[PDB]
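K.L.:
Input input33.txt, format and content: compact mmCIF, C-alpha atoms and all ligand atoms.
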```
# COMPACT_ATOMS: atom_id res chain seq x y z
CA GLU A 53 123.26 29.11 -51.17
CA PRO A 54 126.37 29.60 -53.31
CA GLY A 55 128.21 27.23 -55.62
CA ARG A 56 131.78 26.51 -54.54
CA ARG A 57 134.52 26.83 -57.18
CA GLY A 58 137.54 24.56 -57.66
CA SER A 59 140.65 26.72 -58.04
CA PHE A 60 143.46 24.13 -58.20
CA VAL A 61 142.61 22.18 -61.36
CA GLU A 62 146.29 21.46 -61.98
CA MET A 63 146.49 19.39 -58.78
CA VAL A 64 143.04 17.82 -58.81
CA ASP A 65 143.12 14.06 -59.47
CA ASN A 66 146.91 13.83 -59.06
CA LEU A 67 146.79 10.77 -56.82
CA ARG A 68 146.61 7.04 -57.56
CA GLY A 69 146.50 3.88 -55.50
CA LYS A 70 144.18 2.40 -52.88
CA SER A 71 143.86 2.06 -49.11
CA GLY A 72 145.48 -1.36 -48.89
CA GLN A 73 148.66 -0.39 -50.75
CA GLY A 74 148.74 3.35 -50.19
CA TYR A 75 148.11 6.52 -52.18
CA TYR A 76 150.92 8.06 -54.20
CA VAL A 77 151.76 11.22 -56.13
CA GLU A 78 154.25 11.62 -58.97
CA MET A 79 157.49 13.45 -58.20
CA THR A 80 160.85 14.06 -59.86
CA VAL A 81 164.29 14.09 -58.27
CA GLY A 82 167.65 15.14 -59.68
CA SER A 83 169.01 16.79 -62.83
CA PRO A 84 167.90 15.77 -65.33
CA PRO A 85 164.66 14.85 -63.56
CA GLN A 86 164.08 11.23 -62.54
CA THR A 87 160.38 10.40 -62.27
CA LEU A 88 159.22 8.40 -59.24
CA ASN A 89 155.89 7.56 -57.63
CA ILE A 90 155.88 8.55 -53.99
CA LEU A 91 153.61 7.34 -51.18
CA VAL A 92 151.85 10.22 -49.40
CA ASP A 93 152.35 9.70 -45.65
CA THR A 94 151.04 12.24 -43.13
CA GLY A 95 152.30 9.82 -40.47
CA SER A 96 156.07 10.29 -40.93
CA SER A 97 158.54 13.06 -41.72
CA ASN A 98 161.20 11.58 -44.03
CA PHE A 99 161.36 11.86 -47.81
CA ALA A 100 162.96 8.60 -48.94
CA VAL A 101 163.23 6.80 -52.25
CA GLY A 102 164.53 3.45 -53.44
CA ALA A 103 168.10 4.02 -54.60
CA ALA A 104 169.17 0.47 -55.40
CA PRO A 105 167.71 -2.62 -57.13
CA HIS A 106 164.83 -4.36 -55.34
CA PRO A 107 162.48 -7.24 -56.33
CA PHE A 108 159.44 -4.97 -56.04
CA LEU A 109 160.95 -1.94 -57.81
CA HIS A 110 160.81 -1.25 -61.55
CA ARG A 111 162.84 1.93 -61.10
CA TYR A 112 164.86 3.82 -58.51
CA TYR A 113 166.80 7.00 -57.74
CA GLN A 114 170.18 6.99 -59.49
CA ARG A 115 172.35 9.51 -57.65
CA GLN A 116 175.31 9.19 -60.03
CA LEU A 117 173.11 10.41 -62.89
CA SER A 118 172.10 13.61 -61.08
CA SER A 119 174.32 16.66 -61.57
CA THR A 120 172.61 18.41 -58.67
CA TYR A 121 173.10 15.53 -56.23
CA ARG A 122 174.73 16.47 -52.91
CA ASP A 123 176.05 13.79 -50.54
CA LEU A 124 175.44 14.44 -46.83
CA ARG A 125 177.90 11.71 -45.82
CA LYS A 126 175.35 10.50 -43.25
CA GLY A 127 173.38 7.30 -42.77
CA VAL A 128 169.73 7.13 -41.74
CA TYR A 129 167.46 4.47 -40.22
CA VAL A 130 163.68 4.62 -40.08
CA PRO A 131 161.54 1.99 -38.34
CA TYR A 132 157.77 2.40 -38.74
CA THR A 133 155.02 0.48 -36.94
CA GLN A 134 155.54 -2.30 -39.49
CA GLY A 135 158.23 -1.89 -42.14
CA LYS A 136 161.69 -0.37 -42.00
CA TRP A 137 164.50 0.93 -44.20
CA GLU A 138 168.11 2.09 -44.08
CA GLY A 139 169.56 4.76 -46.32
CA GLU A 140 172.13 7.37 -47.20
CA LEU A 141 171.34 11.07 -46.76
CA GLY A 142 171.80 13.73 -49.42
CA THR A 143 169.94 16.60 -51.08
CA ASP A 144 168.91 17.22 -54.65
CA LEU A 145 166.33 19.16 -56.70
CA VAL A 146 162.74 17.96 -56.27
CA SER A 147 159.54 18.80 -58.15
CA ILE A 148 155.92 17.66 -58.32
CA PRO A 149 154.73 17.49 -61.97
CA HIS A 150 151.08 17.77 -60.96
CA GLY A 151 151.56 20.22 -58.12
CA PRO A 152 152.86 23.76 -57.66
CA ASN A 153 155.07 24.96 -60.50
CA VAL A 154 158.23 25.13 -58.42
CA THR A 155 161.45 23.22 -57.81
CA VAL A 156 163.14 23.05 -54.44
CA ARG A 157 166.23 21.53 -52.90
CA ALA A 158 165.23 19.00 -50.29
CA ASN A 159 166.70 16.23 -48.17
CA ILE A 160 166.44 12.78 -49.69
CA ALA A 161 167.12 9.48 -47.97
CA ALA A 162 168.47 7.09 -50.60
CA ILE A 163 167.18 3.69 -49.49
CA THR A 164 169.84 0.99 -49.82
CA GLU A 165 168.30 -1.66 -47.56
CA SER A 166 164.73 -2.37 -46.49
CA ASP A 167 162.45 -4.91 -44.86
CA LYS A 168 158.71 -5.15 -45.37
CA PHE A 169 158.69 -1.58 -46.72
CA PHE A 170 158.17 -1.78 -50.48
CA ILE A 171 154.93 -3.45 -51.57
CA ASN A 172 154.74 -5.73 -54.60
CA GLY A 173 152.50 -4.08 -57.19
CA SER A 174 151.89 -0.80 -55.29
CA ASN A 175 153.60 1.03 -58.15
CA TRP A 176 155.37 3.46 -55.76
CA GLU A 177 159.14 3.71 -55.24
CA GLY A 178 159.44 5.99 -52.22
CA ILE A 179 157.68 7.80 -49.39
CA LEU A 180 156.84 11.43 -48.65
CA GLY A 181 156.69 12.11 -44.92
CA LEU A 182 154.48 15.18 -44.52
CA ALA A 183 154.58 15.45 -40.72
CA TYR A 184 156.84 17.66 -38.59
CA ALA A 185 160.60 17.63 -38.02
CA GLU A 186 160.22 16.41 -34.43
CA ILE A 187 159.69 12.84 -35.65
CA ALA A 188 162.19 12.97 -38.51
CA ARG A 189 165.18 10.62 -38.39
CA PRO A 190 168.02 10.84 -37.51
CA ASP A 191 166.68 13.89 -35.65
CA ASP A 192 164.81 17.18 -36.02
CA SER A 193 167.70 18.84 -37.86
CA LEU A 194 166.76 16.96 -41.04
CA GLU A 195 164.29 19.43 -42.54
CA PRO A 196 161.13 17.71 -43.88
CA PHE A 197 160.17 18.19 -47.53
CA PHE A 198 157.14 20.38 -46.95
CA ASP A 199 159.15 22.69 -44.68
CA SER A 200 161.72 23.11 -47.46
CA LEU A 201 158.93 23.74 -49.95
CA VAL A 202 157.41 26.54 -47.89
CA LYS A 203 160.73 28.13 -46.94
CA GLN A 204 162.02 28.19 -50.52
CA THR A 205 158.86 29.32 -52.34
CA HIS A 206 155.64 31.31 -51.95
CA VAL A 207 153.51 28.19 -51.57
CA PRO A 208 151.10 28.65 -48.61
CA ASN A 209 151.97 26.54 -45.54
CA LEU A 210 149.03 24.18 -46.06
CA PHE A 211 148.03 21.09 -48.04
CA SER A 212 144.84 19.09 -48.42
CA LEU A 213 144.04 15.46 -49.13
CA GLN A 214 141.14 13.79 -50.90
CA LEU A 215 141.74 10.03 -50.79
CA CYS A 216 139.27 8.25 -53.06
CA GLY A 217 138.40 4.64 -52.35
CA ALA A 218 136.65 2.99 -55.30
CA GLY A 219 134.15 1.09 -53.16
CA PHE A 220 135.13 -2.08 -54.99
CA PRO A 221 138.22 -4.16 -55.86
CA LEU A 222 140.69 -2.75 -58.40
CA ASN A 223 142.90 -5.24 -60.23
CA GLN A 224 146.48 -4.37 -61.25
CA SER A 225 145.44 -2.85 -64.58
CA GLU A 226 142.49 -0.97 -63.09
CA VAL A 227 144.37 0.56 -60.16
CA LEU A 228 146.97 1.90 -62.61
CA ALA A 229 144.40 3.71 -64.76
CA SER A 230 142.10 4.86 -61.95
CA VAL A 231 142.15 8.27 -60.24
CA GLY A 232 142.86 7.72 -56.56
CA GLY A 233 142.31 11.23 -55.29
CA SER A 234 143.80 14.67 -54.86
CA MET A 235 146.65 16.30 -52.98
CA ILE A 236 146.27 20.06 -53.21
CA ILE A 237 149.59 21.65 -52.25
CA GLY A 238 149.20 25.16 -50.88
CA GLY A 239 145.43 25.41 -50.88
CA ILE A 240 141.88 24.11 -50.56
CA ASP A 241 139.93 23.10 -53.65
CA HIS A 242 136.21 23.56 -53.03
CA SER A 243 135.06 21.02 -55.63
CA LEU A 244 136.48 18.19 -53.53
CA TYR A 245 133.92 18.30 -50.74
CA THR A 246 130.30 19.04 -49.90
CA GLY A 247 128.91 20.79 -46.84
CA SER A 248 131.12 22.80 -44.50
CA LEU A 249 134.66 22.43 -43.19
CA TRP A 250 135.12 21.89 -39.46
CA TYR A 251 138.50 22.36 -37.82
CA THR A 252 140.06 20.58 -34.89
CA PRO A 253 143.28 21.89 -33.30
CA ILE A 254 146.62 20.24 -34.02
CA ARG A 255 147.45 19.48 -30.38
CA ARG A 256 151.20 19.23 -30.89
CA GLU A 257 153.39 19.68 -33.96
CA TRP A 258 155.09 16.27 -34.38
CA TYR A 259 152.56 13.85 -35.87
CA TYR A 260 149.31 15.48 -36.90
CA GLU A 261 147.93 14.95 -33.42
CA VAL A 262 144.28 15.59 -32.59
CA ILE A 263 141.93 14.98 -29.66
CA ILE A 264 138.85 12.75 -29.77
CA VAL A 265 136.31 13.68 -27.09
CA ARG A 266 133.43 11.26 -27.76
CA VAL A 267 132.77 8.08 -29.73
CA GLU A 268 129.41 6.71 -30.93
CA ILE A 269 128.36 3.49 -32.73
CA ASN A 270 124.93 4.23 -34.30
CA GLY A 271 124.39 7.13 -31.93
CA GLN A 272 125.15 4.99 -28.90
CA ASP A 273 127.85 6.50 -26.69
CA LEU A 274 130.79 4.11 -26.33
CA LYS A 275 130.89 5.78 -22.90
CA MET A 276 134.60 5.54 -22.05
CA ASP A 277 136.79 8.12 -20.30
CA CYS A 278 137.67 10.28 -23.34
CA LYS A 279 141.29 10.01 -22.23
CA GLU A 280 141.14 6.34 -23.35
CA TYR A 281 140.43 7.48 -26.92
CA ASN A 282 143.72 9.38 -27.05
CA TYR A 283 145.98 6.91 -25.22
CA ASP A 284 148.74 7.61 -25.84
CA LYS A 285 147.89 9.88 -28.78
CA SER A 286 145.53 10.20 -31.76
CA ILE A 287 146.88 11.00 -35.22
CA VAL A 288 145.67 11.46 -38.81
CA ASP A 289 147.81 9.10 -40.85
CA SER A 290 147.49 8.50 -44.62
CA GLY A 291 150.33 5.98 -44.57
CA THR A 292 148.39 3.35 -42.66
CA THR A 293 145.36 1.55 -44.08
CA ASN A 294 143.17 0.90 -41.04
CA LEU A 295 141.49 2.82 -38.29
CA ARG A 296 143.67 1.75 -35.36
CA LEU A 297 142.31 1.99 -31.82
CA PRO A 298 143.83 1.72 -28.33
CA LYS A 299 143.46 -1.86 -27.02
CA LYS A 300 140.67 -1.00 -24.55
CA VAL A 301 138.83 1.17 -27.08
CA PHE A 302 139.18 -1.52 -29.76
CA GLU A 303 137.67 -4.12 -27.42
CA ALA A 304 134.74 -1.83 -26.57
CA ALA A 305 134.20 -0.78 -30.19
CA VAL A 306 134.26 -4.32 -31.57
CA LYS A 307 131.81 -5.43 -28.90
CA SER A 308 129.43 -2.62 -29.89
CA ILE A 309 129.85 -3.12 -33.64
CA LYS A 310 129.16 -6.84 -33.17
CA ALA A 311 126.02 -6.06 -31.18
CA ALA A 312 124.77 -3.63 -33.83
CA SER A 313 125.36 -6.18 -36.61
CA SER A 314 124.14 -9.19 -34.61
CA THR A 315 121.61 -10.38 -37.19
CA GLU A 316 124.64 -11.72 -39.06
CA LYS A 317 127.37 -13.82 -37.39
CA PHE A 318 130.99 -13.25 -38.51
CA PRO A 319 134.01 -15.47 -37.74
CA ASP A 320 136.75 -14.40 -35.32
CA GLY A 321 139.12 -14.09 -38.26
CA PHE A 322 136.94 -11.29 -39.64
CA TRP A 323 137.03 -9.19 -36.48
CA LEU A 324 140.82 -9.64 -36.33
CA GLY A 325 141.03 -7.90 -39.70
CA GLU A 326 142.60 -11.08 -41.08
CA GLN A 327 139.94 -12.84 -43.14
CA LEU A 328 137.49 -11.58 -45.70
CA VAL A 329 133.73 -12.07 -45.76
CA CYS A 330 131.72 -12.21 -48.97
CA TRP A 331 128.16 -11.70 -50.18
CA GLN A 332 126.43 -12.48 -53.46
CA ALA A 333 127.08 -9.71 -56.00
CA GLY A 334 125.35 -6.50 -54.93
CA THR A 335 123.77 -7.88 -51.75
CA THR A 336 126.26 -6.56 -49.18
CA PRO A 337 124.08 -5.79 -46.11
CA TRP A 338 125.41 -2.30 -45.43
CA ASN A 339 122.34 -1.46 -43.34
CA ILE A 340 123.12 -4.02 -40.63
CA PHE A 341 126.47 -2.36 -39.94
CA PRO A 342 126.52 0.76 -37.75
CA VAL A 343 127.96 4.15 -38.60
CA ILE A 344 130.84 5.34 -36.41
CA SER A 345 131.02 8.90 -35.11
CA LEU A 346 134.17 10.48 -33.76
CA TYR A 347 133.78 13.79 -31.95
CA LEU A 348 136.80 16.07 -32.24
CA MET A 349 137.79 19.13 -30.20
CA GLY A 350 136.64 22.29 -31.98
CA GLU A 351 138.47 25.61 -32.22
CA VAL A 352 135.98 27.41 -30.00
CA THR A 353 136.13 26.85 -26.25
CA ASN A 354 133.81 24.07 -25.04
CA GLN A 355 132.79 23.25 -28.59
CA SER A 356 133.24 20.06 -30.63
CA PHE A 357 132.05 18.63 -33.94
CA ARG A 358 131.70 15.08 -35.21
CA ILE A 359 132.73 13.12 -38.29
CA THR A 360 130.61 10.08 -39.12
CA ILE A 361 131.91 7.18 -41.18
CA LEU A 362 129.92 4.44 -42.86
CA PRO A 363 130.71 0.76 -43.14
CA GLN A 364 131.53 1.66 -46.76
CA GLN A 365 134.63 3.19 -45.19
CA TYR A 366 135.58 0.73 -42.44
CA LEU A 367 134.98 -2.37 -44.58
CA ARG A 368 137.75 -2.53 -47.18
CA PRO A 369 136.90 -4.01 -50.62
CA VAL A 370 139.09 -7.02 -51.43
CA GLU A 371 139.20 -9.56 -54.24
CA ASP A 372 137.90 -13.01 -53.35
CA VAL A 373 140.60 -15.70 -53.25
CA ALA A 374 138.62 -17.27 -56.11
CA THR A 375 138.12 -13.99 -58.00
CA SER A 376 134.39 -14.80 -58.03
CA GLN A 377 131.59 -12.30 -58.61
CA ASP A 378 130.90 -11.92 -54.90
CA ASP A 379 131.53 -8.59 -53.19
CA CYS A 380 134.06 -9.26 -50.43
CA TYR A 381 135.61 -7.11 -47.71
CA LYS A 382 137.89 -7.09 -44.69
CA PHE A 383 137.23 -5.38 -41.35
CA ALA A 384 139.52 -2.33 -41.53
CA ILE A 385 139.70 -1.55 -37.82
CA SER A 386 142.47 -2.99 -35.66
CA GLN A 387 143.99 -2.60 -32.21
CA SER A 388 146.92 -0.35 -31.44
CA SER A 389 149.41 -0.15 -28.57
CA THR A 390 150.51 3.29 -29.73
CA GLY A 391 147.28 5.28 -29.73
CA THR A 392 144.55 6.01 -32.24
CA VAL A 393 145.42 6.09 -35.94
CA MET A 394 142.91 7.66 -38.31
CA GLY A 395 144.17 5.78 -41.35
CA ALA A 396 143.43 5.83 -45.08
CA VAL A 397 140.14 3.99 -44.39
CA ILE A 398 138.83 6.96 -42.44
CA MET A 399 140.36 9.61 -44.69
CA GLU A 400 138.51 8.17 -47.72
CA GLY A 401 135.28 9.53 -46.34
CA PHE A 402 136.53 13.09 -45.99
CA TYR A 403 138.39 15.97 -47.57
CA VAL A 404 141.09 16.60 -44.96
CA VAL A 405 142.82 19.97 -44.72
CA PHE A 406 146.22 20.05 -43.03
CA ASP A 407 146.28 23.74 -42.18
CA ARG A 408 149.86 24.01 -40.89
CA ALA A 409 149.76 27.81 -40.91
CA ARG A 410 146.83 27.91 -38.49
CA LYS A 411 147.83 24.74 -36.64
CA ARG A 412 144.52 23.01 -37.34
CA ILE A 413 143.06 20.15 -39.35
CA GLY A 414 139.81 20.53 -41.24
CA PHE A 415 137.27 17.87 -42.15
CA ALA A 416 134.46 17.93 -44.70
CA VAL A 417 132.40 15.23 -46.40
CA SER A 418 134.37 13.98 -49.40
CA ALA A 419 132.93 14.42 -52.86
CA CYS A 420 134.23 10.91 -53.55
CA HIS A 421 133.24 8.97 -50.42
CA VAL A 422 131.43 5.70 -51.05
CA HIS A 423 127.89 5.48 -49.69
CA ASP A 424 124.40 4.16 -50.38
CA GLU A 425 120.98 5.71 -51.05
CA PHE A 426 120.12 5.58 -47.36
CA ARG A 427 123.18 6.95 -45.54
CA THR A 428 126.09 9.30 -46.16
CA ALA A 429 129.23 10.25 -44.26
CA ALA A 430 128.95 13.51 -42.34
CA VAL A 431 130.78 16.34 -40.59
CA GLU A 432 128.40 18.05 -38.18
CA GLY A 433 128.57 20.68 -35.47
CA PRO A 434 128.70 22.32 -33.10
CA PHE A 435 128.23 20.45 -29.82
CA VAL A 436 128.74 21.73 -26.29
CA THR A 437 131.56 19.63 -24.84
CA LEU A 438 133.22 20.36 -21.49
CA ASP A 439 136.73 19.66 -20.17
CA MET A 440 138.03 18.52 -23.56
CA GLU A 441 141.61 19.27 -22.52
CA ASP A 442 141.31 16.38 -20.05
CA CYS A 443 140.82 14.08 -23.04
CA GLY A 444 144.44 14.59 -24.04
CA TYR A 445 147.05 12.18 -22.71
CA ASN A 446 150.21 13.21 -20.84
CA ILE A 447 153.06 10.76 -20.18
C1 LIG W 1 149.51 1.53 -46.21
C2 LIG W 1 149.77 0.22 -46.90
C3 LIG W 1 149.41 -0.98 -46.02
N1 LIG W 1 150.16 -0.97 -44.76
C4 LIG W 1 151.58 -1.37 -44.76
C5 LIG W 1 151.76 -2.77 -45.31
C6 LIG W 1 151.02 -3.81 -44.50
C7 LIG W 1 149.46 -0.63 -43.64
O1 LIG W 1 148.23 -0.54 -43.66
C8 LIG W 1 150.23 -0.37 -42.41
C9 LIG W 1 149.93 -1.12 -41.23
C10 LIG W 1 150.58 -0.81 -40.01
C11 LIG W 1 150.25 -1.58 -38.79
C12 LIG W 1 151.55 0.23 -39.96
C13 LIG W 1 151.87 0.98 -41.13
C14 LIG W 1 152.88 2.04 -41.06
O2 LIG W 1 153.83 2.03 -40.28
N2 LIG W 1 152.68 3.05 -41.94
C15 LIG W 1 153.69 4.10 -42.03
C16 LIG W 1 154.01 4.41 -43.50
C17 LIG W 1 154.37 3.14 -44.24
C18 LIG W 1 155.47 2.35 -43.80
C19 LIG W 1 155.80 1.14 -44.48
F1 LIG W 1 156.81 0.39 -44.03
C20 LIG W 1 155.04 0.73 -45.61
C21 LIG W 1 153.95 1.52 -46.06
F2 LIG W 1 153.23 1.13 -47.12
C22 LIG W 1 153.61 2.73 -45.38
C23 LIG W 1 153.20 5.35 -41.30
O3 LIG W 1 151.85 5.63 -41.70
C24 LIG W 1 153.24 5.13 -39.78
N3 LIG W 1 152.96 6.41 -39.09
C25 LIG W 1 153.15 6.29 -37.63
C26 LIG W 1 154.59 6.00 -37.23
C27 LIG W 1 154.87 4.91 -36.35
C28 LIG W 1 156.22 4.63 -35.98
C29 LIG W 1 157.29 5.43 -36.50
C30 LIG W 1 157.01 6.52 -37.37
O4 LIG W 1 158.06 7.26 -37.89
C31 LIG W 1 157.86 8.68 -37.77
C32 LIG W 1 155.65 6.81 -37.73
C33 LIG W 1 151.20 0.68 -42.36
```
Would you write out, as structure tokens, the structure that this file holds?
Ligand SMILES: CCCN(CCC)C(=O)c1cc(C)cc(C(=O)N[C@@H](Cc2cc(F)cc(F)c2)[C@@H](O)CNCc2cccc(OC)c2)c1
P.N.:
Amino acid sequence: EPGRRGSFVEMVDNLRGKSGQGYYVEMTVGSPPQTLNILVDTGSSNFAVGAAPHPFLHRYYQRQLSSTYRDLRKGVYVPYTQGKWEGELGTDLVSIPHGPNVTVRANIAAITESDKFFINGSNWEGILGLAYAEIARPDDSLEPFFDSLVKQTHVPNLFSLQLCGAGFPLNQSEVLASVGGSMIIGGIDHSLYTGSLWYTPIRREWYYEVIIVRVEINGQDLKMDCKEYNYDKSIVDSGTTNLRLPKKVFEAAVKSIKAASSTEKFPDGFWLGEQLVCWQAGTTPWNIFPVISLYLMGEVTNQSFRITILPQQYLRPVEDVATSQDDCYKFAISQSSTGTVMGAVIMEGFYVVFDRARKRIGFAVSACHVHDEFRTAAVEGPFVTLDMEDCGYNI
């Protein structure tokens, strides 16, 4: 054996927030620096910040107060799965207080109009799209923040995320004081995970696309054409709460999860991810819910590995409408019409390494994943898997 050291203490514990409202990191924009909390989103590629008054904002980017502000004289529109905003493009000096000790000039979309974007009480005022230029708006000529970072400094072309779910509800005061995780810019901090890191190839450099080759519910093969699992794509996305699955896969998965948890009957509203279910304080029946294993393509030919999540991950802690002492949760898995989305829910169980330089994504059991005395999340390998390329979808 050998104890693994944590070499990025300055960036450890630099995140705050929760799955339902998003995880954010502190950043500064302009000269003098204007502090803003920014949502970490591996599912988009635009750096955008509120730049005008809004009901849900306590602060915003004030361009006229920045001596280093540069107007690009260009508008920008970004529509997400849910949520959208319109803004004005420009560049300015950006820094990350609890990140690498550097300052870089990056593109910034000054949000002037929005709909269902900002979240009341999230405590964040903007978003950091960490994906590739291909999906950046207006087009791929608008260099993403991380690309600027790497091009302008010596920071390694890699970042890692440790999203830490509390395992229980956090009120407004609590979520503000609590440590929500870590975003290590330019490296891998070994104190953030246990066990080994397994890498799956980044299929294409647009979203952080990966390939799922097998799915199990308590060891039982969901037994679908693996191509179904990646229809029309599978991505790792910190900006979305739930595990989102292709319609057909969702239907099959819910049927299996229901069968595994059949000793307890849950209302349709629960399975739709709409209504919460509650249990007397401390009696949540974790054991009746199955673990979910997702096999991912490995870096070695015909080899895969699997990540296993617990219901402590796919059941999201929520406060009871009556703020009682019961432990309540919502089913954090929903259907998609745009492929698989490995959201915040899933990421909370693992330390995820976005190794841009080597075009791969690594997974390891998170040092902060919620579990019980009987089961733990896992990252295991290797497995002999054939024709994995056929699992990928082509339009
Ligand atoms: C995370 C806080 C809770 N929310 C939002 C409030 C209900 C969700 O769980 C959620 C739910 C759905 C169902 C989509 C998105 C969604 O679109 N997320 C965005 C980021 C985000 C947007 C927002 F408006 C508010 C937020 F908090 C977070 C990206 O992760 C999407 N990546 C894929 C994609 C899809 C289409 C276009 C695209 O552009 C490149 C990227 C987010």
K.L.:
List as number ranges by chain the protein and nucleic acid residues near region 264-274 of chain A, meaning an atom at most 8 Å away when all atoms listed in the file are counted, but skip any in the same chain fewer than 2 places from it.
P.N.:
A: 262, 276, 278-279, 281-282, 286, 304-305, 308-309, 312, 342-349, 356, 437, 440, 443
K.L.:
One decimal, Å: what's the distance from CA of residue 381 (chain A) over to CA of residue 108 (chain A), could you say?
P.N.:
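We find that CA of residue 381 (chain A) and CA of residue 108 (chain A) lie 25.3 Å from each other.
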K.L.:
Give me the residues near residue 93 (chain A) as a ChimeraX atom specification, where near means some atom within 10 Å (using all atoms listed in the file) and where sequence neighbours in that chain fewer than 3 positions away do not count.
P.N.:
/A:74-76,90,96-99,179-183,288-292,396
K.L.:
Rank nothing, just name the residue among A:215, A:207, A:399, A:384 nearest to ligand LIG 1 (chain W), using all atoms listed in the file.
P.N.:
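Among the listed residues, the smallest separation from ligand LIG 1 (chain W) belongs to A:384.
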K.L.:
Counting only C-alpha atoms and all ligand atoms, which protein, DNA or RNA residues come within 9 Å of ligand LIG 1 (chain W), given as a ChimeraX atom specification?
P.N.:
/A:70-75,91-98,130-137,166-171,174,179,181,183,186-189,258-259,287-294,296,386,388,390,393,395-396
K.L.:
Box along x, y and z, 8 Å on every side, all listed atoms of region 316-335 of chain A inside: centre and edge lengths in Å to one decimal, as JSON.
P.N.:
```
{"center_x": 133.2, "center_y": -11.0, "center_z": -45.7, "size_x": 34.8, "size_y": 25.0, "size_z": 36.7}
```
K.L.:
I want to know what sits within 10 Å of region 426-436 of chain A, based on only C-alpha atoms, with residues of the same chain fewer than 3 positions away left out; could you give that as a PyMOL selection string?
P.N.:
chain A and resi 246-250+338-339+343-350+352-365+401-402+414-418+421-423
K.L.:
Report, in Å with one decimal, the straight-line distance from CA of residue 78 (chain A) to CA of residue 176 (chain A).
P.N.:
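Here the two named atoms are 8.8 Å from each other.
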K.L.:
Rebuild N, CA, C and O atoms on region 180-191 of chain A, as a PDB file, in the coordinates of the input?
P.N.:
```
ATOM      1  N   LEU A 180     156.794  10.003 -48.952  1.00  0.00           N
ATOM      2  CA  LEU A 180     156.840  11.430 -48.650  1.00  0.00           C
ATOM      3  C   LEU A 180     156.262  11.686 -47.259  1.00  0.00           C
ATOM      4  O   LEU A 180     155.044  11.737 -47.088  1.00  0.00           O
ATOM      5  N   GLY A 181     157.139  11.843 -46.271  1.00  0.00           N
ATOM      6  CA  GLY A 181     156.690  12.110 -44.920  1.00  0.00           C
ATOM      7  C   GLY A 181     156.303  13.575 -44.801  1.00  0.00           C
ATOM      8  O   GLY A 181     157.159  14.459 -44.873  1.00  0.00           O
ATOM      9  N   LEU A 182     155.009  13.827 -44.626  1.00  0.00           N
ATOM     10  CA  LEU A 182     154.480  15.180 -44.520  1.00  0.00           C
ATOM     11  C   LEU A 182     154.330  15.755 -43.116  1.00  0.00           C
ATOM     12  O   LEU A 182     153.887  16.893 -42.962  1.00  0.00           O
ATOM     13  N   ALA A 183     154.694  14.978 -42.097  1.00  0.00           N
ATOM     14  CA  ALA A 183     154.580  15.450 -40.720  1.00  0.00           C
ATOM     15  C   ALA A 183     155.741  16.361 -40.344  1.00  0.00           C
ATOM     16  O   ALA A 183     156.562  16.714 -41.190  1.00  0.00           O
ATOM     17  N   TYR A 184     155.813  16.732 -39.070  1.00  0.00           N
ATOM     18  CA  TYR A 184     156.840  17.660 -38.590  1.00  0.00           C
ATOM     19  C   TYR A 184     158.231  17.092 -38.309  1.00  0.00           C
ATOM     20  O   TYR A 184     158.415  15.889 -38.131  1.00  0.00           O
ATOM     21  N   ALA A 185     159.209  17.989 -38.261  1.00  0.00           N
ATOM     22  CA  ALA A 185     160.600  17.630 -38.020  1.00  0.00           C
ATOM     23  C   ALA A 185     160.850  16.848 -36.731  1.00  0.00           C
ATOM     24  O   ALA A 185     161.764  16.031 -36.665  1.00  0.00           O
ATOM     25  N   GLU A 186     160.037  17.093 -35.709  1.00  0.00           N
ATOM     26  CA  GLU A 186     160.220  16.410 -34.430  1.00  0.00           C
ATOM     27  C   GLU A 186     160.335  14.893 -34.543  1.00  0.00           C
ATOM     28  O   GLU A 186     161.065  14.275 -33.768  1.00  0.00           O
ATOM     29  N   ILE A 187     159.625  14.288 -35.495  1.00  0.00           N
ATOM     30  CA  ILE A 187     159.690  12.840 -35.650  1.00  0.00           C
ATOM     31  C   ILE A 187     160.539  12.387 -36.838  1.00  0.00           C
ATOM     32  O   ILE A 187     160.489  11.225 -37.247  1.00  0.00           O
ATOM     33  N   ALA A 188     161.320  13.305 -37.391  1.00  0.00           N
ATOM     34  CA  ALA A 188     162.190  12.970 -38.510  1.00  0.00           C
ATOM     35  C   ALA A 188     163.436  12.265 -37.979  1.00  0.00           C
ATOM     36  O   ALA A 188     163.906  12.556 -36.878  1.00  0.00           O
ATOM     37  N   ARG A 189     163.958  11.331 -38.760  1.00  0.00           N
ATOM     38  CA  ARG A 189     165.180  10.620 -38.390  1.00  0.00           C
ATOM     39  C   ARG A 189     166.268  11.166 -39.308  1.00  0.00           C
ATOM     40  O   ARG A 189     165.993  11.519 -40.453  1.00  0.00           O
ATOM     41  N   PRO A 190     167.520  11.233 -38.826  1.00  0.00           N
ATOM     42  CA  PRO A 190     168.020  10.840 -37.510  1.00  0.00           C
ATOM     43  C   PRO A 190     167.470  11.689 -36.357  1.00  0.00           C
ATOM     44  O   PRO A 190     167.326  11.212 -35.231  1.00  0.00           O
ATOM     45  N   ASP A 191     167.180  12.951 -36.651  1.00  0.00           N
ATOM     46  CA  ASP A 191     166.680  13.890 -35.650  1.00  0.00           C
ATOM     47  C   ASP A 191     165.964  15.061 -36.304  1.00  0.00           C
ATOM     48  O   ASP A 191     165.817  15.099 -37.524  1.00  0.00           O
TER      49      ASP A 191
END
```
